[PDB]
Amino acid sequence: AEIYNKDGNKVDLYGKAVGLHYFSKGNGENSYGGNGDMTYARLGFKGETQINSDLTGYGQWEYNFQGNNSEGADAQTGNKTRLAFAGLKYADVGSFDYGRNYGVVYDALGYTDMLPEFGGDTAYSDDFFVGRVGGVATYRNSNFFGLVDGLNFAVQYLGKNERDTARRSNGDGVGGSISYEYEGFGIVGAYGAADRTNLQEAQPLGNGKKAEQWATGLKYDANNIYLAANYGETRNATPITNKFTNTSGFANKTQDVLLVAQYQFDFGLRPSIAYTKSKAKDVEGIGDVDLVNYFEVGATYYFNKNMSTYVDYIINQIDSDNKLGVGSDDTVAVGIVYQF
């Protein structure tokens, strides 16, 4: 919600409060999403300033407060900063921003990250170029300097972050993306490579000195219809945990497929169908394993731009004898959302 606009500086202070509950059989330890309260809240600001007729500066911050924690010693469990960056923009030359932001490979994956609650299982946080990461310098160009309508591209540099965990660490890397949109149709491709930390290499699962992720997307968005398909392949980038021997690391190779179909009714109701399968290969000790595999049936009723309610059913196809211990039970999300 725009709360300030004076002397060419506008500030959008936005937030939302999501009352959310997960339903799964038993305690949910063997389920896809879990069971219990999942209420959360978001706060952040989006700023944009007109430096002159052509130059434009902007900055953004976004935070996630959890509501399913007590006021005691576990109050901060799950709280985090989602985004925090700043950048500049020149007319048709492009826009350059640095900070914690999304990786370029997300440019493709977003096509299928439209579900009411779940979806986009490949857009892992702090996972190279597929999700929100820290310290990424990103240059983006729209319409190729104003020469082609619908043609956009981006190039990104990922700085090294040697953290205490191999999951949340990364080395230096570069990536890019290309996208074309014409009359509601869209085609996208994105690729990224980066080094791996010593801590990451020392882990039992995964092999190699470089990690690489790439994905491609095709969508149709028009006439109240939304269709999207994503295919991506990753090497030494997807995090995995073997629960039987309690070992962690990365999959040497994964094949990821995402499908989404959605319709938008005039009065608000939005039916949703989706398919998602991520399959790993060359996993040390197992070979091939299924990481994600399900169909989705969900509906979202938009009362208006500020309030919504959704129901999301995940029909889990994972085998009960998964060789990595992946959950095999279904999960039902029920949410009521206020947002501004």
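Don't overthink the numbering: it's just position in the shown sequence, from 1.
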Item to check | 169-177 versus 264-272 - which carries the larger mean C-alpha B factor in the record | outcome: 264-272
Checklist entry - Which has the higher mean CA temperature factor in the PDB entry, 189-197 or 214-222? => result 214-222
Checklist outcome for this item: Per the deposited entry, the peak Cα B-factor within the set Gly67, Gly28, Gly44, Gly47 goes to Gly28
Item to check | Highest recorded Cα temperature factor - choice among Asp149, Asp107, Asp121, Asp74 | outcome: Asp149
Checklist outcome for this item: Entry-reported C-alpha B-factor of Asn161 relative to its chain, by third, is lowest
Item to check | Within-chain third of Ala84 by Cα B-factor, per the entry | outcome: lowest
Item to check | Lowest, middle or highest third - CA B-factor, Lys323 | outcome: highest
Checklist entry - C-alpha B factor of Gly99, ranked within the chain: lowest, middle or highest third? => result lowest
Checklist entry - In terms of the chain's CA B-factor thirds, is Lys209 lowest, middle or highest? => result highest
